[PDB]
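Number of protein chains: 2
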Amino acid sequence: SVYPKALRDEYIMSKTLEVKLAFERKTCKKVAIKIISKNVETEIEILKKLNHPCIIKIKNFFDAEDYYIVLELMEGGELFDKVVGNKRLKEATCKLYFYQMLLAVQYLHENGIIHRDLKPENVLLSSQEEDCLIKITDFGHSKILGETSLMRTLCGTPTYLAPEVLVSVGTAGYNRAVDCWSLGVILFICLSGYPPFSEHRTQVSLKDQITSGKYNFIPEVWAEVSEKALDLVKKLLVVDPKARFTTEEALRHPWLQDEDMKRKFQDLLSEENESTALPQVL
Amino acid sequence: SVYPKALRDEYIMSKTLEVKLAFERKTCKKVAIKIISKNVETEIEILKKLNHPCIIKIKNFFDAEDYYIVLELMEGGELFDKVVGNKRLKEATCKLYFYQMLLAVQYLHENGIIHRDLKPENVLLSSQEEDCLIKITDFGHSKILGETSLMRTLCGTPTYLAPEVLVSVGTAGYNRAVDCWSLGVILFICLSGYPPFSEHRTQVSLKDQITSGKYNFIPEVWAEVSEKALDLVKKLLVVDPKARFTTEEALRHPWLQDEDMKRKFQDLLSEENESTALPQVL
Ligand SMILES: Cc1n[nH]c(N)c1-c1cccs1
Ligand SMILES: Cc1n[nH]c(N)c1-c1cccs1
Ligand SMILES: [Cl-]
Ligand SMILES: [Cl-]
């Protein structure tokens, strides 16, 4: 194969990062082209509507023999590459990155979007520096919250309504809580260098470990981590979704009540913004 | 307002049955026009694809200032009108009508469609005769079963997967069972002349009655009804959807093992078909 004439007209394609590096011809600036073999409809619609510094932006789109999505290039790569092979980040770097992951997911939920696939491989770092801006990516499994079939059903008389439907009312509207569980698994991995649930050196099934919410706690590893960080992990890795910490609750947790970390994020933010800055009305 | 020029071109509109009576100009045959104020997308797609004698057929469609759906005219009206005001059908008529309702819902499920709104007001009778063909209508709340987000999710490793998601695996794929509950409430109403769950002369909430599956049993009323009929009602009005009778299970129940009723249905079927009948290759 070859790239479509339309893409080629605007971009000079390069090395694989399938995601490839490309140069926008107009600006000579680098971009990332995500190629999907011929759901991408919702993904583009979600991404076009979202506007947050910790959420990846669509720059352009091509629907040809394959789907081509032009995105912001993140030079630091994946968070996965910083946590793989029992490698662990400094507690302060976990805080900085986590704080941004919380802001991004709070924005998503505020905007009626559930990501559904949060992992270290879907978290991108802006630079090769420890202190940097992170961005959430991969909205292919994301879900849009609107008016439910349940809300419509509850309007009528339930003379003919099945009991399982009435039982589901208790839990309805807690889907977003799956993202908070994911964040707790990401935070555990970042702080410890190891996954909370695994089939490595265990008799109990990965399924049974998760439903019981009995994560693997290794004291020697966690002794290096503060009580505050672990308290937040414990609060997100709660089995009952109605009881689990929300992004707002996590954001108010003592561990995130750090003015230093918050200043470093604002600093990185304005450093990135300095290029875009239009003159101000005094 | 007025009717669109496109509808008027083909049909001479009449009296209200909003659903109106109309005459197709080409054939002079009567039709029913369902008017919806400007979901009807799925409804038309579902109805165009379905082909069963106990399911209503779309004859035509108009998307104007309002949605106009041209349907088969059912001269006997709604089943509701035969059961309202404590009126009760003969046990044999219940069997005939129920047998057709089961065939229709079996077809729907076989074809990956869940109706979601089965009631006496959505069951239409073909003629003003007790022994007639019934048809299922109102596919506006209907749902299409395809490949789930759950099936896709189960393919990956659940390292980051929330426990409620793994718990939902146990019940997944039992949505169709809501239609069987509805059928049990319809069968109860038809045989008794009264609803199984109501706020009339009760202290217990309609919600609590349904989730407990504790229907109102009045012995004086049900003494007139056979043990076999009541056994089938009891089997459909089961709270656990995994244990509840399916349409196939209902169809194999002793109450429906009636060759007389089955011959009367085949008789009504061929009487309706006699008009359409193209010569046969001997
Ligand atoms: C999008 C995007 N922007 N910058 C990078 N490295 C990506 C990648 C996503 C997935 C693999 S690489
Ligand atoms: C459709 C249809 N065909 N024949 C009748 N009576 C209808 C009605 C549906 C709802 C009210 S009337
Ligand atoms: Cl090429
Ligand atoms: Cl008119």
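Chains as they are written, first to last, in the deposited numbering: chain A, 210 to 226, 233 to 253, 269 to 512; chain A', 210 to 226, 233 to 253, 269 to 512. A prime marks a further copy of an entry chain.
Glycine included, C-beta positions come from ideal geometry on N, C-alpha and C.
Output yes or no for whether 8 angstroms exceeds the beta carbon distance between residue i and residue j.
i               : j               : result
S223 (chain A') : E305 (chain A') : no
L277 (chain A') : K289 (chain A') : no
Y220 (chain A)  : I248 (chain A)  : yes
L309 (chain A)  : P283 (chain A)  : no
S500 (chain A') : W452 (chain A') : no
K325 (chain A') : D488 (chain A') : yes
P393 (chain A)  : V469 (chain A') : yes
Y337 (chain A') : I285 (chain A') : yes
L413 (chain A') : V353 (chain A') : no
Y404 (chain A)  : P509 (chain A)  : no
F292 (chain A)  : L216 (chain A)  : yes
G342 (chain A)  : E273 (chain A)  : no
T441 (chain A') : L396 (chain A)  : yes
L355 (chain A)  : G400 (chain A)  : no
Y212 (chain A') : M491 (chain A') : no
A480 (chain A') : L462 (chain A') : yes
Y424 (chain A') : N281 (chain A') : no
If the cut is a Cβ gap below 9 angstroms, which residues of chain A' does residue i touch?
i              : result
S412 (chain A) : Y390, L391 and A392
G443 (chain A) : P393
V434 (chain A) : In chain order: nothing, as chain A' lies at least about 13 angstroms away.
Give the C-beta separation of residue i and residue j to the nearest angstrom, bearing in mind that I take them to be a contact with Cβ-Cβ under 8 angstroms.
i               : j               : result
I419 (chain A)  : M331 (chain A)  : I419 (chain A) to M331 (chain A), Cβ: 12 angstroms. No contact.
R346 (chain A') : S372 (chain A') : 6 angstroms
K494 (chain A)  : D361 (chain A)  : 6 angstroms
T389 (chain A)  : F427 (chain A') : 6 angstroms
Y297 (chain A)  : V270 (chain A)  : 5 angstroms
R474 (chain A)  : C410 (chain A)  : 5 angstroms
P484 (chain A') : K458 (chain A') : 5 angstroms
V408 (chain A)  : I344 (chain A)  : 7 angstroms
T378 (chain A') : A402 (chain A') : 7 angstroms
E502 (chain A)  : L363 (chain A)  : 6 angstroms
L467 (chain A') : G443 (chain A') : 6 angstroms
Applying a beta-carbon distance threshold of less than 7 angstroms, which residues of chain A' neighbour residue i?
i              : result
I440 (chain A) : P388, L391, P393 and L396
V463 (chain A) : Those within 7 angstroms of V463 (chain A) in chain A' number zero; the least Cβ separation is about 14 angstroms.
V451 (chain A) : Under the 7 angstroms cutoff, chain A' gives no residues; its nearest Cβ is about 17 angstroms from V451 (chain A).
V511 (chain A) : Under the 7 angstroms cutoff, chain A' gives no residues; its nearest Cβ is about 44 angstroms from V511 (chain A).
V234 (chain A) : By Cβ distance, chain A' contributes nothing, its closest Cβ being about 19 angstroms from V234 (chain A), past 7 angstroms.
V455 (chain A) : Correct list: empty, because the minimum Cβ distance to chain A' is about 20 angstroms.
Name the DSSP bridge partner or partners of residue i?
i                     : result
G307 (chain A)        : A:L355
residue 228 (chain A) : In the model shown, chain A runs from 226 to 233 with nothing in between, leaving residue 228 (chain A) without coordinates.
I285 (chain A')       : A':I366
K373 (chain A')       : A':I344
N290 (chain A')       : A':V300
Between which two residues does the beta strand (DSSP E) carrying residue i extend?
i               : result
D218 (chain A') : Counting along the chain, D218 (chain A') falls outside any beta strand (DSSP E), though it belongs to the alpha helix (DSSP H) covering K214 to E219.
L301 (chain A)  : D296 to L301
What does residue i reach in chain A if we use C-beta pairs closer than 8 angstroms?
i               : result
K437 (chain A') : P388 and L396
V415 (chain A') : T389 and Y390
Residue i touches chain A' at which residues, Cβ-Cβ below 8 angstroms?
i              : result
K349 (chain A) : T389 and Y390
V246 (chain A) : Within 8 angstroms Cβ-Cβ: nothing; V246 (chain A) doesn't reach chain A', min ~28 angstroms.
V353 (chain A) : Within chain A', no residue comes near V353 (chain A); the closest Cβ sits about 12 angstroms away, beyond 8 angstroms.
Going along chain A in order, which residues have a C-beta closer than 7 angstroms to the C-beta of residue i?
i               : result
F427 (chain A') : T389
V335 (chain A') : The premise fails here: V335 (chain A') is roughly 13 angstroms from chain A at the closest Cβ pair, so nothing lies under 7 angstroms.
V314 (chain A') : Those within 7 angstroms of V314 (chain A') in chain A number zero; the least Cβ separation is about 13 angstroms.
Starting from residue i, trace the alpha helix (DSSP H) in both directions and tell me its first and last residue.
i                     : result
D409 (chain A')       : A407 to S422
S500 (chain A')       : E489 to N503
residue 266 (chain A) : Regarding the residue in question, residue 266 (chain A) is not represented: chain A runs 253 and then 269, omitting everything in between.
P350 (chain A')       : No alpha helix (DSSP H) contains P350 (chain A'), which DSSP labels as neither H nor E.
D470 (chain A)        : Counting along the chain, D470 (chain A) falls outside any alpha helix (DSSP H), and DSSP gives it neither H nor E.
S456 (chain A')       : Counting along the chain, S456 (chain A') falls outside any alpha helix (DSSP H), and DSSP gives it neither H nor E.
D438 (chain A)        : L436 to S442
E394 (chain A')       : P393 to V397
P449 (chain A')       : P449 to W452
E271 (chain A)        : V270 to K279
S379 (chain A)        : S379 to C385
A480 (chain A)        : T477 to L481
Applying a beta-carbon distance threshold of less than 9 angstroms, which residues of chain A neighbour residue i?
i               : result
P471 (chain A') : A392, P393 and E394
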